[PDB]
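Student: Just need the structure, nothing else, for what follows:
(one chain, ligands or ions: 3)
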Amino acid sequence: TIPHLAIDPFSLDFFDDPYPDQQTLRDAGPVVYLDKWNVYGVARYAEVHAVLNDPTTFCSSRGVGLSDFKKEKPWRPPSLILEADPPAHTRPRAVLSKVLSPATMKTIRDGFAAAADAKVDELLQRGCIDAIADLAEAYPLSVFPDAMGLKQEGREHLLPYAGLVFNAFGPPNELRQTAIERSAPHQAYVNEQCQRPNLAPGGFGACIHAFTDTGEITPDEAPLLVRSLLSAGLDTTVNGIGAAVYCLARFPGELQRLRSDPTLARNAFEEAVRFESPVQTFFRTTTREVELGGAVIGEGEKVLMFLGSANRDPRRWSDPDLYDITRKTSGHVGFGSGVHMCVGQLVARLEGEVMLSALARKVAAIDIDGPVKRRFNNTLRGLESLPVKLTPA
Ligand code: HEM
Ligand SMILES: O=C(O)c1ccc(-c2ccccn2)cc1
Ligand SMILES: [Cl-]
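Tutor: Residues are numbered from 1 along each chain as shown. Ligands and ions are numbered 1, 2, ... in the order given. Now the structure:
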């Protein structure tokens, strides 16, 4: 019934060039079995979307990595939002929704846009930059920790902790095990900054604590919800912005459309999230025997979703391998779908829009002038280095 494949979606060969293997996974059937890790997989849009929108059957409380929390100990206390099912998930979800709300975006937009314009101006003075370290990393590092209300000391732990979190969703391979081995200094830093005394008033972190009054969360839950934003809100945006810059360098015709209408900035970032999804894969666990696309999956089985594959599925998208900044992108799963759909997507979009708007208004060309290096992660997709020359407009 279910085809068995030996493709390892957590191998460097797969990270290097996942597209061909993803077509193989999509075309083999709606549900495959991956013998390498003894998990089910779904690579088509329809099944990925269906799994995401059935949290009762495909739960998150048993972890969204390979590890099954009913069988193995989590490497850190479970997330109160990501690794929770309704109804436990509902109230921490509503709090983060209100912290990361439209009204909060109105308060940070001017500073985020000023910082993005200032960065592009700074980068234009140097001409030849690394679009990862000097842009995709430097810009969110200059707005997000300040938006959280973090102190200055110790921010070098932020990206390492994030890379650890997303590597840890993988199998016990060298990427995951190495990350955990070096994790103690990053965990200590992050956990300490999650305490209310260490969070600046007016920031995202202090606002989470300020919601402990309402009956939605208690004070003992607030540090873990701060930890959620420090886990999921930095490295994802770095890879998203890097993907957008990468796309604009590979598709100069799309950079030229963006220059002619900077108001396409928000959709050009959204298309980059569909085209080069920063988070390529993660898991659900079945809570019972379920039929999916004509196949029966037993209870307590891990199901690997290929989000980047669903976003390139020609059963859903026309010309899926083309970066199109006027594409109707609604429905892509780059931010998830359903009750867990990225609660910080307004922050991601704001960061990405104002950066691409700054590029649209100030940059004439983006040419790759050096070797492009990929950054390897069990679930994140992004570049290690992207040497580009920026031609000022
Ligand atoms: C390009 C940027 C981003 C991408 C591609 C992305 C992707 C995702 C995806 C796919 C999920 C769903 C996970 C699941 O269903 O198991 C998710 C959830 C989440 N994201 Fe994002 N994210 C981004 C930016 C952010 C930012 C900026 C924040 C916070 C400031 C954030 C915080 C969270 C949190 C807390 C969750 C858990 C929500 C829940 O379980 O209900 N992410 N993200
Ligand atoms: O609550 C946390 O700590 C946390 C929340 C969300 C993520 C995540 C996972 C997969 C894709 C995107 N984001 C990771 C951690
Ligand atoms: Cl931790």
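Student: Get me the contact residues on the stretch 1-150 of the chain for ligand 1.
Tutor: Selection of the stretch 1-150 of the chain residues close to ligand 1 by C-beta under 6 Å from any ligand atom yields 60, 64, 81-82, 93, 96, 100. C-beta coordinates here come from the backbone N, C-alpha and C atoms, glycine included.
Student: Can I get the residues you listed in JSON lines including neighbour count?
Tutor: Formatted as JSON lines, these follow (neighbours: other C-beta atoms under 10 Å):
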{"residue": "60", "neighbour count": "23"}
{"residue": "64", "neighbour count": "22"}
{"residue": "81", "neighbour count": "24"}
{"residue": "82", "neighbour count": "21"}
{"residue": "93", "neighbour count": "21"}
{"residue": "96", "neighbour count": "23"}
{"residue": "100", "neighbour count": "22"}
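Student: so of the residues you listed, which ones are in helices?
Tutor: 93, 96 (DSSP state H).
Student: Which one of the residues of the stretch 1-150 of the chain next to ligand 1 is nearest to residue 11?
Tutor: Of all these, residue 64 has the smallest distance to residue 11: 20.0 Å, by C-beta to C-beta.
Student: Which residues are in contact with the closest one?
Tutor: Counting by C-beta atoms under 8 Å, 6 or more residues apart in numbering, residue 64 makes contact with 82-83, 169, 282-284.
Student: Need those in CSV (columns: distance to ligand 2).
Tutor: Shown next, in CSV, are these (distance: C-beta to the nearest ligand atom, whole Å):
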residue, distance to ligand 2
82, 4
83, 7
169, 7
282, 5
283, 10
284, 11
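Student: ranges for the helices of the stretch 151-300 of the chain?
Tutor: 158-167, 174-181, 184-193, 204-210, 222-232, 235-250, 252-260, 265-275 (DSSP state H, counting those that start in this stretch).
Student: Sticking with the nearest residue to residue 269 once chain neighbours are set aside, tell me its helix or strand.
Tutor: Excluding its sequence neighbours, the residue lying closest to residue 269 (C-beta to C-beta, 6 or more residues apart in numbering) is residue 352, at 3.3 Å. Using DSSP states H and E, residue 352 sits within helix 345-362.
Student: Please save the CA atoms from whichever helix or strand comes after that helix in CSV.
Tutor: Stepping forward along the backbone from helix 345-362, the first helix or strand reached (DSSP H and E) is strand 363-368. Listed next in CSV are the C-alpha coordinates belonging to strand 363-368 (Å, rounded to 0.1, in the frame of the first residue of the first chain):
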residue,chain,number,x,y,z
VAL,A,363,19.7,49.3,-4.6
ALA,A,364,19.9,49.0,-8.4
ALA,A,365,21.6,45.6,-8.6
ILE,A,366,22.5,42.6,-6.4
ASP,A,367,25.2,40.4,-8.0
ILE,A,368,26.8,37.4,-6.4
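Student: The single nearest residue of the stretch 1-150 of the chain relative to ligand 3: neighbour count?
Tutor: At 4.1 Å from ligand 3, residue 76 is the closest residue in the stretch 1-150 of the chain, using C-beta to the ion. Applying other C-beta atoms under 10 Å, we find 18 residues neighbouring residue 76.
Student: The nearest residue to it once chain neighbours are set aside and residue 343: what is the separation?
Tutor: Once flanking residues are discounted, residue 76 sits nearest to residue 187: 6.9 Å by C-beta to C-beta, 6+ apart. Separation of residue 187 from residue 343 (C-beta to C-beta, to the nearest Å) stands at 22 Å.
Student: what do you get for residue 30?
Tutor: Separation of residue 30 from residue 343 (C-beta to C-beta): 29 Å.
Student: Comparing these two, which shows the higher neighbour count?
Tutor: Under the criterion of other C-beta under 10 Å, the comparison of residue 30 against residue 343 puts residue 343 first, with 25 against 16.
Student: Write out the residues of the chain neighbouring ligand 3.
Tutor: Contact residues (C-beta under 5 Å from the ion) of the chain with ligand 3: 76, 187.
Student: Pick out the residue closest to the middle of the protein.
Tutor: Geometric centre of the chain, nearest residue: residue 236, 3.8 Å, by C-alpha atoms, centre = their mean.
Student: And the residue lying closest to that one once chain neighbours are set aside, its phi and psi?
Tutor: Leaving aside its chain neighbours, residue 236 sits nearest to residue 278 (5.0 Å; criterion: C-beta to C-beta, 6+ apart). Note on residue 278: backbone dihedrals following degrees, to the nearest 10 are phi -60, psi -30.
Student: who in the protein is up against ligand 2?
Tutor: The chain has residues 79, 81-82, 165, 227-228, 231-232, 236, 279, 282 near ligand 2, with proximity defined as C-beta under 6 Å from any ligand atom.
Student: 5 Å instead?
Tutor: Contact residues (C-beta under 5 Å from any ligand atom) of the chain with ligand 2: 79, 82, 228, 231-232, 279, 282.
Student: Closest one to residue 37 out of those, please.
Tutor: residue 282 (13.3 Å).
Student: if I pick that closest one, what's in contact with it?
Tutor: Residues near residue 282 by C-beta under 8 Å, 6+ apart: 64-65, 169, 304-305, 307, 379.
Student: Equivalent analysis for residue 286, please.
Tutor: By C-beta under 8 Å, 6+ apart, the contact set of residue 286 is 57-59, 297-301, 303.
Student: Do a quick rundown of the helices in the stretch 1-150 of the chain.
Tutor: Secondary structure of the stretch 1-150 of the chain (DSSP H, counting those that start in this stretch): helices at 12-16, 19-28, 45-52, 90-99, 102-126, 138-141, 144-148.
Student: who touches the shortest one?
Tutor: Helix 138-141 is contacted from outside by 115-116, 119, 155, 158-159, 234, 237-238, 241, 351, 355, using C-beta under 8 Å, 6+ apart.
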